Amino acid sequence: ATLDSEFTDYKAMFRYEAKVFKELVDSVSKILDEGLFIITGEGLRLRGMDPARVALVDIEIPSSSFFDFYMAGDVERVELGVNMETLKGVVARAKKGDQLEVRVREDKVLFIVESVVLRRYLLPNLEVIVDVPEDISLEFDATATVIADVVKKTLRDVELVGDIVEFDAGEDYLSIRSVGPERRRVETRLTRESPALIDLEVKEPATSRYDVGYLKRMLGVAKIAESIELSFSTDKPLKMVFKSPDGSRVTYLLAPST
(Lines of atoms letter the chains of each structure in order from A and count residues from 1; the text may use other names and numbers.)
(Lines give C-alpha, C1' and ligand atoms only; values in the text may rest on other atoms or scores of the structure.)
Protein backbone atom coordinates (compact mmCIF):
# COMPACT_ATOMS: atom_id res chain seq x y z
CA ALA A 1 0.00 0.00 0.00
CA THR A 2 1.03 3.57 -0.72
CA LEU A 3 -0.23 6.89 0.55
CA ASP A 4 -2.26 7.18 -2.73
CA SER A 5 -5.92 6.18 -2.27
CA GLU A 6 -6.88 6.43 -6.03
CA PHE A 7 -5.93 4.02 -8.89
CA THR A 8 -3.77 1.69 -6.78
CA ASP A 9 -3.78 -1.34 -9.17
CA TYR A 10 -1.95 0.70 -11.93
CA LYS A 11 1.81 0.29 -12.41
CA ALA A 12 2.60 3.71 -13.95
CA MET A 13 0.94 7.07 -14.37
CA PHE A 14 1.75 10.28 -16.06
CA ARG A 15 0.14 13.57 -16.76
CA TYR A 16 0.98 15.70 -19.73
CA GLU A 17 -0.40 18.37 -22.04
CA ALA A 18 -3.14 16.73 -24.14
CA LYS A 19 -2.45 18.98 -27.17
CA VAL A 20 1.28 18.20 -27.30
CA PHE A 21 0.50 14.52 -26.77
CA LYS A 22 -1.96 14.70 -29.70
CA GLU A 23 0.85 16.10 -31.86
CA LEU A 24 3.22 13.33 -30.70
CA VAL A 25 0.57 10.69 -31.42
CA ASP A 26 -0.07 12.08 -34.93
CA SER A 27 3.69 12.04 -35.64
CA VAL A 28 3.80 8.31 -34.81
CA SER A 29 0.59 7.47 -36.71
CA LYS A 30 2.32 8.63 -39.97
CA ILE A 31 4.69 5.65 -39.63
CA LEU A 32 3.05 3.00 -37.37
CA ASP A 33 -0.47 1.57 -36.97
CA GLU A 34 0.25 0.16 -33.45
CA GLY A 35 3.01 1.38 -31.18
CA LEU A 36 4.61 0.15 -28.06
CA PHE A 37 5.35 2.93 -25.60
CA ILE A 38 7.75 2.08 -22.82
CA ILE A 39 7.59 3.84 -19.48
CA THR A 40 10.72 3.77 -17.29
CA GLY A 41 12.25 6.03 -14.64
CA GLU A 42 13.77 8.00 -17.53
CA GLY A 43 10.32 8.82 -19.01
CA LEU A 44 8.35 7.66 -22.08
CA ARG A 45 9.94 6.22 -25.23
CA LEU A 46 8.64 4.69 -28.44
CA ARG A 47 10.67 3.52 -31.45
CA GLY A 48 9.46 1.53 -34.45
CA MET A 49 9.59 1.04 -38.16
CA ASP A 50 6.87 0.90 -40.69
CA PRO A 51 6.12 -2.54 -42.26
CA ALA A 52 8.22 -1.76 -45.37
CA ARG A 53 11.17 -1.00 -43.07
CA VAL A 54 11.66 2.24 -44.97
CA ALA A 55 10.86 4.69 -42.17
CA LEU A 56 11.30 4.86 -38.45
CA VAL A 57 9.90 7.12 -35.73
CA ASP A 58 11.34 7.60 -32.25
CA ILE A 59 9.48 9.62 -29.51
CA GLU A 60 11.09 10.59 -26.18
CA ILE A 61 9.42 12.48 -23.32
CA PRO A 62 11.85 12.76 -20.39
CA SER A 63 10.26 12.13 -17.01
CA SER A 64 11.08 15.80 -16.08
CA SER A 65 8.84 17.00 -18.96
CA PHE A 66 5.74 15.46 -17.29
CA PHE A 67 3.41 17.33 -14.96
CA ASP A 68 3.26 14.26 -12.81
CA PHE A 69 4.89 10.86 -13.21
CA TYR A 70 5.32 7.76 -11.13
CA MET A 71 5.77 4.04 -11.29
CA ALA A 72 4.95 1.31 -8.75
CA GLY A 73 8.04 0.27 -6.70
CA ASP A 74 8.21 -3.35 -7.91
CA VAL A 75 8.62 -2.25 -11.56
CA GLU A 76 11.38 -0.85 -13.80
CA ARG A 77 9.59 -0.91 -17.14
CA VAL A 78 5.87 -0.70 -18.07
CA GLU A 79 4.73 -1.31 -21.68
CA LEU A 80 1.76 0.52 -23.24
CA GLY A 81 0.66 -1.09 -26.55
CA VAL A 82 -1.81 1.06 -28.40
CA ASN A 83 -3.34 1.56 -31.83
CA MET A 84 -2.54 5.10 -33.02
CA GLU A 85 -5.99 5.68 -34.65
CA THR A 86 -7.67 4.78 -31.35
CA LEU A 87 -5.30 7.04 -29.40
CA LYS A 88 -6.05 10.01 -31.74
CA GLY A 89 -9.70 9.39 -30.89
CA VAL A 90 -8.88 9.66 -27.15
CA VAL A 91 -7.19 13.06 -27.44
CA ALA A 92 -9.07 14.35 -30.50
CA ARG A 93 -10.73 17.32 -28.76
CA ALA A 94 -7.41 18.65 -27.19
CA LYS A 95 -6.82 22.43 -26.79
CA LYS A 96 -4.03 24.36 -24.99
CA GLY A 97 -4.07 23.69 -21.23
CA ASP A 98 -6.16 20.47 -21.48
CA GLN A 99 -4.40 17.86 -19.37
CA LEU A 100 -4.09 14.16 -20.20
CA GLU A 101 -3.60 11.61 -17.52
CA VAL A 102 -2.56 8.05 -18.40
CA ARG A 103 -2.45 5.12 -16.01
CA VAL A 104 -1.09 1.80 -17.16
CA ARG A 105 -1.44 -1.81 -16.00
CA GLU A 106 -0.65 -5.04 -17.87
CA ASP A 107 -4.28 -5.63 -19.03
CA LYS A 108 -5.60 -2.06 -19.36
CA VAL A 109 -4.80 1.60 -19.99
CA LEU A 110 -6.84 4.39 -18.47
CA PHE A 111 -6.93 7.75 -20.18
CA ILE A 112 -8.48 10.84 -18.56
CA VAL A 113 -8.67 13.97 -20.60
CA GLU A 114 -9.63 17.26 -18.94
CA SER A 115 -11.22 19.24 -21.79
CA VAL A 116 -14.70 20.84 -22.08
CA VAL A 117 -15.96 17.70 -20.41
CA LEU A 118 -14.01 15.08 -18.49
CA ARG A 119 -13.37 12.27 -20.99
CA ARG A 120 -12.46 8.82 -19.64
CA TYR A 121 -11.33 5.86 -21.71
CA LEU A 122 -10.23 2.44 -20.77
CA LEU A 123 -8.34 0.54 -23.46
CA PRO A 124 -6.93 -3.01 -23.60
CA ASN A 125 -3.14 -2.99 -23.32
CA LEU A 126 -2.09 -4.43 -26.70
CA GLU A 127 0.77 -6.82 -27.46
CA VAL A 128 2.70 -4.99 -30.20
CA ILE A 129 5.69 -6.33 -32.24
CA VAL A 130 8.57 -3.80 -32.29
CA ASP A 131 10.89 -3.74 -35.34
CA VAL A 132 13.99 -1.58 -35.34
CA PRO A 133 17.01 -1.50 -37.66
CA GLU A 134 20.37 -2.99 -36.61
CA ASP A 135 22.39 -0.87 -34.13
CA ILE A 136 25.60 0.24 -36.00
CA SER A 137 27.69 3.41 -36.32
CA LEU A 138 25.43 5.52 -38.56
CA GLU A 139 27.81 8.16 -39.93
CA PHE A 140 26.30 11.43 -41.20
CA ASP A 141 28.42 13.33 -43.70
CA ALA A 142 26.16 16.37 -43.61
CA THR A 143 24.16 18.00 -40.80
CA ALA A 144 22.06 21.18 -40.90
CA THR A 145 19.67 22.97 -38.57
CA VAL A 146 16.94 24.64 -40.58
CA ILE A 147 13.78 26.59 -39.74
CA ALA A 148 11.15 23.89 -40.01
CA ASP A 149 8.53 26.00 -41.85
CA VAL A 150 11.07 26.55 -44.64
CA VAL A 151 11.69 22.81 -45.08
CA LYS A 152 7.91 22.16 -45.03
CA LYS A 153 7.24 24.88 -47.66
CA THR A 154 10.10 23.50 -49.81
CA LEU A 155 8.67 20.02 -49.72
CA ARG A 156 5.21 21.42 -50.57
CA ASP A 157 6.73 23.09 -53.63
CA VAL A 158 8.78 20.03 -54.70
CA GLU A 159 5.66 17.88 -54.55
CA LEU A 160 3.99 20.23 -57.08
CA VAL A 161 6.50 19.07 -59.66
CA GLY A 162 7.56 15.41 -58.73
CA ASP A 163 7.55 12.68 -56.09
CA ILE A 164 11.28 12.64 -55.30
CA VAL A 165 13.23 15.33 -53.36
CA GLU A 166 17.01 15.55 -53.53
CA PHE A 167 19.14 16.89 -50.65
CA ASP A 168 22.51 18.24 -51.90
CA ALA A 169 25.03 19.43 -49.33
CA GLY A 170 28.31 21.09 -50.28
CA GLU A 171 30.84 22.51 -47.85
CA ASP A 172 28.97 25.76 -47.43
CA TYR A 173 25.44 25.15 -48.70
CA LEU A 174 22.45 22.92 -48.59
CA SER A 175 20.20 22.58 -51.63
CA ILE A 176 16.81 20.93 -51.50
CA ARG A 177 15.40 20.31 -54.99
CA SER A 178 12.91 18.52 -57.15
CA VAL A 179 14.32 16.15 -59.73
CA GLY A 180 12.88 14.55 -62.86
CA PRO A 181 11.37 16.12 -66.00
CA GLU A 182 8.56 18.43 -64.66
CA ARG A 183 9.37 22.21 -64.78
CA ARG A 184 10.26 24.56 -63.36
CA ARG A 185 12.56 22.67 -60.99
CA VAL A 186 12.06 23.79 -57.48
CA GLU A 187 15.17 24.53 -55.49
CA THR A 188 15.73 25.99 -52.11
CA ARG A 189 19.44 26.81 -51.69
CA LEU A 190 20.52 27.73 -48.18
CA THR A 191 23.87 29.20 -47.26
CA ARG A 192 25.17 30.55 -43.94
CA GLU A 193 23.79 33.99 -45.04
CA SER A 194 20.23 32.46 -45.19
CA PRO A 195 18.17 33.28 -42.04
CA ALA A 196 16.58 29.81 -42.41
CA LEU A 197 19.95 28.02 -42.04
CA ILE A 198 20.75 28.01 -38.32
CA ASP A 199 23.76 25.67 -38.59
CA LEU A 200 25.55 23.64 -41.22
CA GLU A 201 28.38 21.08 -40.75
CA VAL A 202 29.44 19.10 -43.79
CA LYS A 203 32.29 16.53 -43.31
CA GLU A 204 32.00 15.41 -46.99
CA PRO A 205 29.59 16.46 -49.81
CA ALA A 206 26.34 14.45 -49.71
CA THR A 207 23.59 13.98 -52.30
CA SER A 208 20.56 11.76 -51.59
CA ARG A 209 17.01 11.34 -52.90
CA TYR A 210 13.90 10.60 -50.80
CA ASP A 211 10.21 10.05 -51.23
CA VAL A 212 8.74 13.53 -50.83
CA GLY A 213 5.26 12.13 -49.91
CA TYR A 214 6.76 10.41 -46.90
CA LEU A 215 8.86 13.41 -45.84
CA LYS A 216 5.88 15.71 -46.23
CA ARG A 217 3.87 13.45 -43.87
CA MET A 218 6.82 13.55 -41.42
CA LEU A 219 6.99 17.39 -41.48
CA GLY A 220 3.40 17.37 -40.04
CA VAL A 221 5.12 17.54 -36.65
CA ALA A 222 7.02 20.80 -37.58
CA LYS A 223 4.64 22.81 -35.32
CA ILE A 224 6.28 21.21 -32.18
CA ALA A 225 9.74 22.74 -33.01
CA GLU A 226 10.97 26.02 -34.54
CA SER A 227 13.84 24.18 -36.26
CA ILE A 228 14.67 20.75 -37.57
CA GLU A 229 18.01 19.01 -37.31
CA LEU A 230 18.71 17.19 -40.57
CA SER A 231 21.45 14.60 -41.03
CA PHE A 232 22.30 12.52 -44.09
CA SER A 233 24.96 10.91 -46.30
CA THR A 234 25.01 10.02 -49.98
CA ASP A 235 22.50 7.24 -50.77
CA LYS A 236 21.95 6.74 -47.01
CA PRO A 237 18.98 7.47 -44.65
CA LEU A 238 17.94 10.96 -43.76
CA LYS A 239 17.50 11.69 -40.06
CA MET A 240 15.28 14.55 -38.84
CA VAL A 241 15.10 15.59 -35.21
CA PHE A 242 12.43 17.89 -33.81
CA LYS A 243 13.28 19.19 -30.30
CA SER A 244 10.29 20.67 -28.45
CA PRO A 245 11.01 23.53 -25.96
CA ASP A 246 9.32 21.35 -23.24
CA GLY A 247 12.04 18.68 -23.77
CA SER A 248 10.03 16.08 -25.78
CA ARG A 249 11.70 14.89 -28.98
CA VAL A 250 10.51 13.28 -32.24
CA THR A 251 13.10 11.69 -34.56
CA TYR A 252 12.46 10.20 -37.93
CA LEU A 253 14.66 8.11 -40.22
CA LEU A 254 13.83 7.72 -43.89
CA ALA A 255 15.59 5.35 -46.28
CA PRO A 256 16.78 6.79 -49.63
CA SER A 257 15.05 6.36 -53.00
CA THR A 258 17.65 4.47 -55.13
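Each residue number is its position in the shown sequence, starting from 1.
K.L.:
Hey, which bit's got the bigger mean C-alpha B factor in the entry, 181 to 189 or 129 to 137?
P.N.:
Higher mean C-alpha B-factor in the PDB entry: 129 to 137.
K.L.:
Please work out which of 99 to 107 and 69 to 77 has the higher mean CA B-factor as recorded in the PDB entry.
P.N.:
Looking at the record's C-alpha B-factors, the answer is 69 to 77.
K.L.:
Looking at 241, 12, 20, 238, which has the highest CA B-factor as recorded?
P.N.:
Most elevated C-alpha B-factor of the set, per the entry: 20.
K.L.:
Pick out which of 211, 42, 204, 229 has the highest C-alpha B-factor in the PDB entry.
P.N.:
Highest C-alpha B-factor among the listed options: 204.
K.L.:
Looking at the temperature factor on the CA atom of residue 215, which third of the chain's modelled residues does it land in?
P.N.:
It belongs to the middle third of the chain when residues are ordered by C-alpha B-factor.
K.L.:
Place residue 86 in the lowest, middle or highest third of its chain's C-alpha B-factors, as listed in the PDB entry.
P.N.:
Lowest third - that is where residue 86 ends up once the chain's C-alpha B-factors are sorted.
K.L.:
Residue 38: which third of its chain by C-alpha temperature factor?
P.N.:
According to the entry, residue 38 has a C-alpha B-factor in the chain's lowest third.
K.L.:
What third of its chain, lowest, middle or highest, does the C-alpha temperature factor of residue 94 fall into?
P.N.:
For residue 94, whose C-alpha B-factor we compare with every modelled residue in the chain, the answer is the highest third.
K.L.:
Give the position of residue 3 by CA B-factor within its chain, expressed as the lowest, middle or highest third.
P.N.:
Its C-alpha B-factor belongs to the middle third of this chain's values.
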